Amino acid sequence: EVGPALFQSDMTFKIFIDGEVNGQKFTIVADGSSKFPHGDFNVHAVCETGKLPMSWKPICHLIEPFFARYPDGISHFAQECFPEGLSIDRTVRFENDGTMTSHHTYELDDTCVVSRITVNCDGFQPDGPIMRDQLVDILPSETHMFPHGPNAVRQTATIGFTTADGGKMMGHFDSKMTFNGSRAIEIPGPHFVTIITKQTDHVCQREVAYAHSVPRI
């Protein structure tokens, strides 16, 4: 069995992130589970050191597109990529601040999706809210997913973070997901994924994610 058939039960996941911010290495390990039907799920993450050398808020999207809830009419690319797995190359660019670039690899190990991520967070401003841990809230996002050739998709978004003094920081998210196998895969048509996020040296994070389309003219 392949694709979403591998996703018809309760599942777990593991994430290993090898990072740096402004040349300071960090590493994060996180785990969680996603009940079927998938869509509303938690992750628990922790870093090696006592105090992550950046805000935890920007880490939110590094710590599971295959666990988004999809209606029947929209193909669920990330689920279709299994068992062979997928890659993600991604950039999130903060206005007036740094850029985080990541490469991700996901594998399925029975009912556990294991992810390996390297991420470079460069150019972050030491007097800014991310380096000063002054982001308080991760705001809901409407991501947009498009076809990108016969074996990939591209997902763009803006992610908003409220700051301690009532402002906002906007991160510009651009992400390519790529199938690591050779078989044919149904590439979904353009659509949106709504992602609502709530985050609490360690962190709990809840996400609610669901696919939808909008009327055409």
Side-chain angles (χ1 to χ4, degrees), residues 13-32 42-66 78 85-107 112-139 141 143 148 152-178 180 195 197-207:
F13 56 111
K14 303 153 180 305
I15 306 143
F16 307 101
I17 290 167
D18 183 14
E20 59 83 20
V21 61
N22 291 355
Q24 166 74 73
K25 277 166 172 168
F26 60 92
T27 52
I28 292 160
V29 174
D31 55 57
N42 286 347
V43 62
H44 304 263
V46 173
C47 66
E48 177 159 21
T49 215
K51 140 91 181 217
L52 197 63
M54 62 193 293
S55 176
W56 272 101
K57 302 298 144 74
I59 302 293
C60 60
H61 65 272
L62 303 182
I63 58 185
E64 307 297 304
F66 26 83
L86 80 159
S87 296
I88 299 181
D89 293 280
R90 185 186 281 175
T91 302
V92 177
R93 183 183 69 74
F94 292 93
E95 272 177 37
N96 300 120
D97 210 321
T99 289
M100 54 199 298
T101 299
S102 52
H103 176 71
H104 317 200
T105 290
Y106 298 87
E107 297 280 57
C112 178
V113 187
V114 179
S115 73
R116 291 188 58 182
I117 290 172
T118 67
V119 57
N120 300 137
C121 304
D122 305 318
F124 286 88
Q125 308 294 107
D127 58 298
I130 289 157
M131 296 321 279
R132 277 150 68 152
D133 310 336
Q134 288 162 346
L135 300 180
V136 314
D137 203 327
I138 311 171
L139 299 172
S141 191
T143 75
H148 194 269
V153 294
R154 162 174 194 200
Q155 176 179 33
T156 60
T158 292
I159 314 169
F161 301 88
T162 74
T163 62
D165 68 4
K168 297 211 171 49
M169 166 99 274
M170 309 293 288
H172 293 290
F173 167 125
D174 197 1
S175 193
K176 197 173 94 221
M177 314 208 275
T178 305
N180 289 161
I195 300 161
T197 308
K198 166 113 170 136
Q199 201 183 81
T200 309
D201 88 317
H202 77 276
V203 123
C204 181
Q205 186 170 293
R206 183 163 163 219
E207 203 156 279

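Count residues from 1 along the sequence. Keep in mind that the numbers below use all heavy atoms, side chains included, and drop hydrogens, waters and symmetry copies.
- In this structure, NE2 in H61 is found 11.0 Å from CD in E207, a value given to the nearest 0.5 Å.
- Among pairs with a residue in residues 90-101, none fulfils salt bridge (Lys or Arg N to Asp or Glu O under 4.0 Å), at least two apart in sequence or across chains.
- The two residues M177 and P65 come nearest to each other via the heavy atoms SD-CG, 3.7 Å.
- Residues passing the side-chain contact (heavy atoms from CB on, under 4.5 Å) test with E107: none are found, sequence neighbours excluded.
- With sequence neighbours excluded, no residue forms a side-chain hydrogen bond (donor to acceptor under 3.5 Å, both in side chains) with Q134.
- For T162, there are no side-chain hydrogen bond (donor to acceptor under 3.5 Å, both in side chains) partners at least two apart in sequence or on another chain.
- A side-chain contact (heavy atoms from CB on, under 4.5 Å) with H104 holds for exactly one of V119, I88, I17, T118; it is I88.
- By the 4.5 Å heavy-atom criterion applied to side chains, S115 and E64 are counted as neighbours.
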Give every donor-acceptor pair under 3.5 Å between a side-chain atom in residues 46-55 and any protein atom, sequence neighbours left out.
residue, atom, partner, partner atom, Å
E48, OE1, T27, OG1, 3.2
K51, NZ, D133, OD2, 2.8
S55, OG, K57, N, 2.9

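- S87 meets the side-chain hydrogen bond (donor to acceptor under 3.5 Å, both in side chains) test with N180; sequence neighbours excluded.
- Judged as a salt bridge (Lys or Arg N to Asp or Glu O under 4.0 Å), the pairs with a partner in residues 156-176 (not counting sequence neighbours) are, in order, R154-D174.
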Applying side-chain contact (heavy atoms from CB on, under 4.5 Å), run through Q125 and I130 and close with a yes or a no. CA-CA 8 Å; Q125 308 294 107; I130 289 157; over 6 Å; no
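- Every ring-ring contact (aromatic ring centres under 6.0 Å, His included) that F94 has, sequence neighbours left out, goes to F124, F161.
- Under the 4.5 Å side-chain criterion, counting only non-hydrogen atoms from C-beta, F66 is in contact with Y106.
- In this structure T178 satisfies the side-chain hydrogen bond (donor to acceptor under 3.5 Å, both in side chains) test with no other residue, sequence neighbours excluded.
- In this view, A30 and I15, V43, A45, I63 satisfy the side-chain contact (heavy atoms from CB on, under 4.5 Å) rule, not counting sequence neighbours.
- To the nearest 0.5 Å, atom CG of residue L86 and atom OG1 of residue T105 are 8.0 Å apart.
- By the side-chain contact (heavy atoms from CB on, under 4.5 Å) test, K14 is found to be paired with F16, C112, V114, residues two or more places apart in sequence or in another chain being considered.
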Between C121 and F26, is the side-chain contact (heavy atoms from CB on, under 4.5 Å) condition met? List the steps. CA-CA 10 Å; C121 304; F26 60 92; 4.3 Å; yes
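- Considering only residues two or more places apart in sequence or on other chains, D89 meets the side-chain contact (heavy atoms from CB on, under 4.5 Å) condition with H103.
- Interatomic distance, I138 CD1 to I59 CD1, rounded to the nearest 0.5 Å: 10.0 Å.
- The closest donor-acceptor contact from the side chain of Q205 to the backbone of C60 lies under 3.5 Å.
- Distance check, rounded to the nearest 0.5 Å: CG of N42 to CG of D31 gives 11.0 Å.
- Atom OG1 of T158 is separated from atom CE of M170 by 5.0 Å, given to the nearest 0.5 angstrom.
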Apply side-chain contact (heavy atoms from CB on, under 4.5 Å) to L62 and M100, showing your working. CA-CA 10 Å; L62 303 182; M100 54 199 298; 3.8 Å; yes
